[PDB]
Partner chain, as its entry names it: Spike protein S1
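Shown here is one chain on its own, the form deposited without the partner chain, set out as structure tokens.
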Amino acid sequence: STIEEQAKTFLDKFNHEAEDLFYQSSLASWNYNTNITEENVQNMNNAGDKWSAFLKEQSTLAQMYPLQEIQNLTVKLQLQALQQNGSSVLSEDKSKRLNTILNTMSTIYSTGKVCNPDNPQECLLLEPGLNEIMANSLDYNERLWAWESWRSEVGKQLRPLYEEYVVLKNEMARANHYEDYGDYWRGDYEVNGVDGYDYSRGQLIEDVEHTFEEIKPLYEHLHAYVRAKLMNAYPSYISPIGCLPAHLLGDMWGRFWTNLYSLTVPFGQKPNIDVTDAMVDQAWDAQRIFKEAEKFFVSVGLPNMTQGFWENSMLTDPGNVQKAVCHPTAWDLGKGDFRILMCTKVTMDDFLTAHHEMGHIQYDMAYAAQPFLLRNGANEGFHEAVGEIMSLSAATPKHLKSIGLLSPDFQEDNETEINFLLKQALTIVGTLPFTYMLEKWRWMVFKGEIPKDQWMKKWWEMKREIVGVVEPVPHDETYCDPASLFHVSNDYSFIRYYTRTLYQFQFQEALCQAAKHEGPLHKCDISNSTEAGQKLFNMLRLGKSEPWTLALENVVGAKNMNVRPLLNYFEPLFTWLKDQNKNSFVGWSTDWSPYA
């Protein structure tokens, strides 16, 4: 047999086993999250250990087939994926210690609990306890206690483990010939050896940096307006030319500013436009919410959900007889088996959340047409973006009027649109500077540009210069404020929230063109456009078979992330924000501190 004939025999034998072992691991994982029991955890851990043991074994054996000696492209793409999924370069000791540090960091973040100085029994977990305070409170010194305690109790437990994690991840990446762990992550977006569609890891830094420059005038104006507003709402505490204190931004980190809507509303005199009331008045339950999300995808030409979907999904909180993990989450288990786990409540938020999650399911179902190792979105940014364009169309007045949640004669005026856009901006453009800077700091840690003795010094310097946000109290190198966020302490890349945000508005604009939308991009609803669904479908089914550069090009007509469709979405708000700021200082001191 040729090497190329031995490679087919190896893949055919690998895929048969993978199909079985992945379904065993996915099904056991779902069963635990739906019903937390000792039996379910044993099953999940074993099924997981077998899957993993099998995949590292098969990744070693794939090196017997030089990829260059493979005419057939689909077996090469697979053998490459299978070569990339291997984990047998790091020493046994360091590999075991690295796992141990991942579990420890994961556990101290999930077990993180802080107790009040004013109450030694007022101990408060992060969810729902400290998140409650950090979403809702208007109490500076209460917000400050939750912010500071979280970082100085949980964060300080992470600093040592995070130093040991950095050195051990850098060893594995360099052992694979990557410059560092951050370079290894930028690997997700690498396209090498496809003429026309190639993309490097440094290309990614430049394109983030370049698109961020174009986003900055909008963030600056959003920042100055949100500040002028936070002044009225904290009159002693906020400088008109300074960064916003980190503890006042509507969550534990300022990752999103969504919860500042009530303080920042451009026209608070316009009534609430939440359709939760109509859902209650029309007696909507979880079935109806998911049944209405199903209809939206059929309107664009995509399939109905499966019998298995309706028979196996868990769309309501099971009660106390059965214990479940209530994070909204779409599952692709293998072997035709798709599901959603969601403790759905009759609210507009959950209605939107369902379209996002069912988006993930549409993606999974389309790329079932690909071989196993290519059942993956074109890059880590794609799934999130496919989710978000769904809620983009569903949240529109046009769509709500069409499904009866908004009266046929709802009157959309500039005030309603500016309110809509300001809300979207707090959530979407707010998170961009946060998301950029956070990854920038890790890129630099891993690269070796930031010494451990200057980790927190540079962290807050970058927060002040890029995010325009300042710490309320000084932090020494005893803290690991970054590790105080789930993604940092649980070893997940974060630039995906930057890329998906540009990809989503590129997607929306292209699909709204196919659907012959008329005016403002923000008003568009792809519902009823089979043409728009086709354009989506064609990328969706590709999975990770083509370069993400091509996949994007198919839908939008361009080979790279582009910021213009995003700036285009919020152009009306930008013009209004600039007029509201015509007397405000736009920009921020990098030195002013609440403790200065």
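Throughout, rigid core stands for the largest set of C-alpha atoms superposing within 1.5 Å between the two forms. Residue numbers count along the first chain shown, from 1.
- Higher average CA B factor: 117 to 125, of the stretches 117 to 125 and 70 to 78.
- Mean C-alpha B-factor is higher over 88 to 96 than over the other stretch, the pair under comparison being 88 to 96 and 301 to 309.
- For the set 511, 324, 365, 315, the PDB entry assigns the largest Cα B-factor to 324.
- Reading the B-factor column for the CA atoms of 209, 384, 337, 453 in the entry, the top value corresponds to 453.
- Split the chain's modelled residues into thirds by C-alpha temperature factor. Residue 501 is in the lowest one.
- Sort the chain's modelled residues by C-alpha temperature factor and residue 17 lands in the lowest third, per the entry.
- Looking at the C-alpha B-factors along this chain, the one for residue 562 belongs to the lowest third.
- The PDB entry assigns residue 537 a C-alpha temperature factor belonging to the middle third of its chain's modelled residues.
- The deposited CA B-factor of residue 253 belongs to the middle third of values across its chain.
Just so you know, the form deposited with the partner chain bound exists too; it's not on screen, but the next bit is about it.
- Proximity to the partner chain in the deposited complex, defined as a heavy atom within 4.5 Å, singles out one entry of 247, 355, 223, 339, which is 339.
- Among residues of the shown chain, residue 567 is not one whose heavy atoms approach the partner chain to within 4.5 Å in the deposited complex.
- Looking at residue 65, you'd find a heavy atom of it within 4.5 angstroms of the partner chain in the deposited complex.
- Interface residue remark: residue 576 is not counted as part of the site for the partner chain in the deposited complex, having no heavy atom within 4.5 Å.
- Remark: residue 6 counts among the residues lining the partner chain in the deposited complex, judged by a heavy atom distance of 4.5 Å or less.
- In the deposited complex, every residue of the candidate spot (10, 61 and 312) has a heavy atom lying within 4.5 Å of the partner chain.
- Here the chain stands alone, but in the deposited complex its contact with the partner chain, taken as any heavy atom within 4.5 Å, falls in 329 to 337 among 154 to 162, 451 to 459, 234 to 242, 329 to 337.
- Along 23 to 49, residues 23, 24, 27 each place a heavy atom within 4.5 Å of the partner chain in the deposited complex.
- Annotation: the position in 560, 554, 63, 568 displaced by at least 2 Å at CA between this form and the one not shown, with the core superposed, corresponds to 63.
- With the core held fixed, the Cα of residue 453 is displaced between this form and the one not shown by less than 2 Å.
- With a cut-off of 2 Å and the rigid core superposed, residue 263 has a Cα displacement that falls short of the cut-off between this form and the one not shown.
- Residue 217 is not among the residues whose C-alpha shifts by 2 Å or more between this form and the one not shown once the rigid core is aligned; its shift stays under 2 Å.
- One change in the deposited complex concerns residue 203 and residue 73, whose Cα atoms lie at least 3 Å closer than in this form.
- Cα-Cα spacing of residue 180 to residue 85 is reduced in the deposited complex versus the present form (difference of at least 3 Å).
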